[PDB]
Amino acid sequence: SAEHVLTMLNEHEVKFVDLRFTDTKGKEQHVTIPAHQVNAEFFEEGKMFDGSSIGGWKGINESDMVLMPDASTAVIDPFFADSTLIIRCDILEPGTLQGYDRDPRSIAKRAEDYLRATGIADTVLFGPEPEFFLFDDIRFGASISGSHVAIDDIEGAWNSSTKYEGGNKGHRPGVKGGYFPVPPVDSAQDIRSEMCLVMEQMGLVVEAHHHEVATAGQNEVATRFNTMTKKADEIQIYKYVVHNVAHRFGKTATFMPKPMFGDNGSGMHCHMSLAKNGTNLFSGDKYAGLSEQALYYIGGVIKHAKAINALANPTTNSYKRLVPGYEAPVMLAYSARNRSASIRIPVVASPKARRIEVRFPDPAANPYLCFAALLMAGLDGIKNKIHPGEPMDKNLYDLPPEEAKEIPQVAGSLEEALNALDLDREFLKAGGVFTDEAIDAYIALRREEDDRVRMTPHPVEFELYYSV
Amino acid sequence: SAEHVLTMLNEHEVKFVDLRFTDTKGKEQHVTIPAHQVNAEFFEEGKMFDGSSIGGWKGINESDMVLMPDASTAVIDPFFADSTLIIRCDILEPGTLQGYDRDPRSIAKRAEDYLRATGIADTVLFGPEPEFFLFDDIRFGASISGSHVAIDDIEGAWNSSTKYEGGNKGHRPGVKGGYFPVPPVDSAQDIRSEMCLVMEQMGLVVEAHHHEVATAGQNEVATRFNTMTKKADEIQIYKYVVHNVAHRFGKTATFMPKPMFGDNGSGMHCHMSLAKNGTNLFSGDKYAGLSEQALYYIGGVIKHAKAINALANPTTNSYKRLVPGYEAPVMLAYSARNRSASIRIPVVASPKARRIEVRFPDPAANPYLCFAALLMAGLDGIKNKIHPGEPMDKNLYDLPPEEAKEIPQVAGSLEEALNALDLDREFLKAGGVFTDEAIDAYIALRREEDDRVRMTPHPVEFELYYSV
Amino acid sequence: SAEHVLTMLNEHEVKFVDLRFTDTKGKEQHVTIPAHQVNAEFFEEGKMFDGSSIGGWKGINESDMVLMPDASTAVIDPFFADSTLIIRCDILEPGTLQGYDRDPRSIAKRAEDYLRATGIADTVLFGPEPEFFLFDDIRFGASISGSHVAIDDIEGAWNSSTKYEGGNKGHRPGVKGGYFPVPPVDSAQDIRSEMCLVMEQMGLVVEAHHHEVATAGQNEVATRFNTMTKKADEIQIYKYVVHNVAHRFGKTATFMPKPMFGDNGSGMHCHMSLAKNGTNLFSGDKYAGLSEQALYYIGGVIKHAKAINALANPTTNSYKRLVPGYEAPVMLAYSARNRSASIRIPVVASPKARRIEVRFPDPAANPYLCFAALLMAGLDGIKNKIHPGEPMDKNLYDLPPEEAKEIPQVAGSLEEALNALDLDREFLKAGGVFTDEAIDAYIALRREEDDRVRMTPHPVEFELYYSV
Ligand SMILES: [Mn+2]
Ligand SMILES: [Mn+2]
Ligand SMILES: [Mn+2]
Ligand SMILES: [Mn+2]
Ligand SMILES: [Mn+2]
Ligand SMILES: [Mn+2]
């Protein structure tokens, strides 16, 4: 409670309260309040600001539900003490609820709590596995006359030839080969190790950290599962902390899905399962443990896969990863292997923890929308029948056409994905977790970027198309 | 009191007494006195210097009413201790009052206290919201042969492509998109956070701080309302502190209204309302809460809007912001939304705090003249009837002409504004708060600049006009 | 004739036909035709292209009246022979006349020939005196982050200190002091001398050339008077030739009115008078020779001075010259001296050549519109009475106000000028020489620039307004 927060305020001295607070149709935002100003009223009626990022015609002020005054903590990082204390959207206003043209954290719950009003179960766990890139210099720009971008970080093969002064020292990981190889070679740990400490400090639980697979600083930190609304918001920290230590160390950290080509572009796998009492109705018999229930879920996703990836796969870049691999998970099936397969029902053991890993989502989504939409579907499957059918176990590769061609795809390609969502509306819209707007506005946004991207001619195009 | 100041002097040791003291037809000034020299006499008869900035023919020495020996405090910043202790203009001389060709702080009060002698009420509150820019390097010059200016600060999009050495690190806010996004991206807080601490240290009350919306370091710090004379003079500190920490941090801070084009040029919104006993006669029923009274005010402004913006909208730059937007508040109406609308009657709640936000004024005015003139009018409306009519609620945009054309404008453009004031004299002149001179001198000044500006040919003109 | 042109074609071999042809609401344009393609049909039905520069909604092709197939000549400059052969606008189309949203050369004549249908006289002579600047390097640009421009040319004082290698050699003209001083000091002649040769080669008649008064390459070449339509179009060459030799020599030539500040920005004085048979009804008795007739003219201008300078004084820069001088001709009176006075009735001798010099117009106008509008007015004065009153002979300077203040001004300042024209319509509109459109479109254009100019903040503004 506040009574509490209240102490904490003195527990630590603190002044100011901020970093991470609102968070856009896109991601993260803050405002800073002098230490005083906090006080119940504050806790009970909020504070309010207005529009900007989704909003039309004048003055729609929005209450800032100083909230989840639980989701409150001392941010390491800022200078002088201060309780980073999220806010539950802007609630609305006098009605007091869905922030204008969103309230991502809201939608979260509508979803969440809505779930609860079905009975399909009682609690939904989400355990996302977001990877990120840690490089040294990131320069880029674009303009009438040209366009470009360059990435560098001691590591990333490329750099060997590179001259230094303390000079080369040459231990580094070559293209898809950043594979937990011990140090000299490992840009470093201390950055990860460190990120954990703070991650936990901030309040998440770390499960292991390590180097992913990419020539130039692909790093992954894992974090114990939660409840959509919580976990989603944990991603929000998970991120803030990375960005920051990373930067505090000397690097830039980036959750882009495909910074470079011919390497590995981080992706956010999401593991999930709902439970009733202390029973995860995702379990049972029938295929890899699991159960009827689950299957409708496996159903749900697969059904609106496209609309979802419009939600959990934005900015164009998203899809430069979601390029047909074999490695790359673009198939809409489930397996326990035979990847390529976008739904993995990991082995299990204790039914106690039987789940679903839908990997395709990329570190770029508001865990809020994404999770929501994941769930939202999952259960409309769980809901009206809907049935997986069989798992893959027969990797992609089949007389390419040979209906392997026929085979359902992960909606590779924004515009496309954007579309789906325009049509799928429904299963989202259901419960209230998702207004037409919300949906609209959302689309409407991603739309612009999609444009800026295609109107701007690409370096490669010259490569191939120039001298014609 | 002095008796007091007197202690404080020993309370702290201190030597010297200065920083911020007089303040021009334009803004801020000081002189330093060895610690001794202070002593009653001093408190009672002042100290005096002379002319320079407004003054004609020899020797008009002016008493320096060592005053508001309340408005006294230890300046952090200067080296060795010293009580920055304003001065109430130069009083005059033997008459002892309106400093030659001004006494901005005086005018303030004439106004203020004059207000009091009407009965329209007892106390006028002003709560300005001044925004400012925080950049790294500011180079410019002009001369027969050429002219120019360049601005830079890690942030401001432009800089991505830019090479560094610790190198890029690329998190920064792109054009109208400095929107409280959390750190990596936020040049930084510590500068704001910090500014608050000192702001309060200096004696103001902070209400929240944050990043405004502009590619390259638009920062805003908010401060609790006051009494014209006090608040006005608080702006005087609000400024000194910004300028200084900002500089002490490594940046230049600038209250110019439109440093760059296609971004956001800070503006000083001013919220106001007068009260009688502990009753703000600005309240009631009839439109958005409010009351008859208020309306005449809404009247007053609107009436002499032009003359006012001549006062609260100088240096040419002022108007490069006051360019017809839709966003930009150049309409002379009131709304509670439908911005574009230069008078916003914010929602309210407790009639306890019902007000008027007239946004158009820019961080560039002597809060003194500005506030004064704001008020001065406000009540001549409040005074002889004068009536708003209806609010907007129908944003600008109407068959441009379609009398939307007809519609009253915020006097966009200095010369113009200058003019108004030449004619409006009156409502200012009334009470004594404003001599012909004052007015004259004032005009007369802004005049020159306006000239230097138009005689000097502009980079763009070459753009477009050169090859003809 | 064509029959002719026809020879000329063989007289010289030539292939191609082009340089200078159409010419915008602004100034000059061409298209190149293979030598063949010319042939009567061509001469009789033209060639046609379409829109771009003034044009709305699709496809309005415009005939190109291969015309004034008189106004035809071998362009020195282009590579391979070619008959630069103007075109009489695009005529229209099937109607065949006023080019879409103009036909500047057309308007010219409507005017001209319209004149003829009044009887006020038979022929109007125009003898403009356009000055231009000849510099070495011209760099400038503007953009979110900054703006600027730099000018240089051995000459322009500034350069003395400048180091060279063949090194300094120091003879050059210091600020308002480029005054026919003999060579070492005179950037050079050969550029002028040369320009003459070609000017005549192109077909104009040179009367004398020399250095005007400005530190850095102000050059003037004079050319014998003509008929609006002819002379106007002569300016069109006068220009092309300058631009070109100038460039061919090693310099950039610029007809901007005020490239630099505190120097002299070229201006196009225009001398005029109409005649009946071989009698210039501008003569007589009554003031400085002259005659009733003239006076109504002197009237006409003075009457719509503002609207005219909107026509013969564009791009903003225009007015940085038309800044109140005493030297500077912004007064609306006539004198034979007492300059400051925008209308000079030069001494005379032979009534044979008695005229009117209205100096204010600047090298920047389509001689077409300008001349037209000059005339167009001139005679609406000549027309319905309208009367000068007395000449100045009492330079500006009179208790500034002392109604010297009262005194009619040269409409200094675009927006303003723009306006006038919006209202003055009439006297233009009269005859058909000027459609509402034409007028509209015109305005509408200058409008944009005027904007780009004021929205973009100015180097100086930082000078003065920054540290506030
Ligand atoms: Mn991984
Ligand atoms: Mn995984
Ligand atoms: Mn603001
Ligand atoms: Mn405001
Ligand atoms: Mn001359
Ligand atoms: Mn002349």
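So for chain A, numbering is Swiss-Prot's, and the shown residues are 2-469, in order.
According to its header, this structure was worked out by X-ray crystallography, 3.5 Å.
Placed from the backbone N, Cα and C atoms, the Cβ positions cover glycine too.
Feature annotation from Swiss-Prot assigns Mn(2+) 1 binding site to A:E130, A:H270, A:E358; the stated evidence is experimental evidence. Residues or ranges marked as Mn(2+) 2 binding site by Swiss-Prot: A:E132, A:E213, A:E221. If you look up Swiss-Prot, you'll see A:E208, A:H272, A:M273, A:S274, A:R340, A:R345, A:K353 marked as ATP binding site. Feature annotation from Swiss-Prot assigns L-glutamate binding site to A:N265, A:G266, A:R322, A:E328, A:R340, A:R360. Annotated domain 'GS beta-grasp' per Swiss-Prot: A:13-97, in sequence order, evidence recorded as sequence analysis. Annotation source Swiss-Prot lists O-AMP-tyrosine at A:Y398, citing similarity to another entry.
Mapped onto this structure are the features recorded in Swiss-Prot.
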residue: A:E130; record: Mn(2+) 1 binding site; DSSP class: strand
residue: A:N265; record: L-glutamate binding site; DSSP class: coil
residue: A:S274; record: ATP binding site; DSSP class: strand
residue: A:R322; record: L-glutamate binding site; DSSP class: helix
residue: A:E328; record: L-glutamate binding site; DSSP class: coil
residue: A:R340; record: ATP binding site; DSSP class: coil
residue: A:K353; record: ATP binding site; DSSP class: helix
residue: A:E358; record: Mn(2+) 1 binding site; DSSP class: strand
residue: A:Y398; record: O-AMP-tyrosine; DSSP class: coil
CB within-chain contacts under 8 A for A:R360 (L-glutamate binding site), separation at least 6: A:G268, A:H270, A:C271, A:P330, A:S343, A:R345
Residue among recorded positions A:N265, A:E328, A:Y398 with Cα closest to the Cα of A:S274 (ATP binding site): A:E328
Entries of A:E130, A:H270, A:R322 (binding-site residues) sitting next to ligand 2, with Cβ under 6 Å as the cut-off: A:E130, A:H270
Additional residues around Mn(2+) 1, ordered along the sequence, whose Cβ is within 8 Å of the centroid of A:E130, A:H270, A:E358: A:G128, A:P129, A:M269, A:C271, A:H272, A:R345, A:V359, A:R360
Other CB atoms within 10 A, centred on A:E221 (Mn(2+) 2 binding site): 16
By Cα-Cα distance, the member of recorded positions A:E221, A:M273, A:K353, A:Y398 nearest A:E328 (L-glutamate binding site): A:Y398
Of the binding-site residues listed as A:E132, A:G266, A:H272, A:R340, the one whose CA lies nearest the CA of A:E358 (Mn(2+) 1 binding site): A:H272
ATP binding residues A:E208, A:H272, A:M273, A:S274, A:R340, A:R345, A:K353: largest Cα-Cα distance, in Å and rounded to whole number: 24
Inter-residue C-alpha distance, A:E208 (ATP binding site) and A:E221 (Mn(2+) 2 binding site) (nearest angstrom): 11
Listed binding-site residues with Cβ under 6 Å from ligand 1, out of A:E213, A:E221, A:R322, A:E358: A:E213, A:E221
Protein Cβ atoms within 10 Å of A:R322 (L-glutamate binding site), excluding its own: 23
Residue among binding-site residues A:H270, A:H272, A:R340, A:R345, A:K353 with least C-beta crowding, 10 angstrom cut-off: A:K353
Cβ-based neighbourhood (8 Å from the centroid) of the Mn(2+) 2 site, residues A:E132, A:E213, A:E221 excluded: A:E130, A:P131, A:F133, A:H211, A:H212, A:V214, A:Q219, A:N220, A:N265, A:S267
Those binding-site residues, out of A:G266, A:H272, A:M273, A:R322, that come within 10 angstroms of A:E132 (Mn(2+) 2 binding site) at the Cα: A:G266
Tertiary neighbours of A:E130 (Mn(2+) 1 binding site) (same chain, Cβ under 8 Å, six or more apart): A:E221, A:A223, A:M269, A:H270, A:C271, A:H272
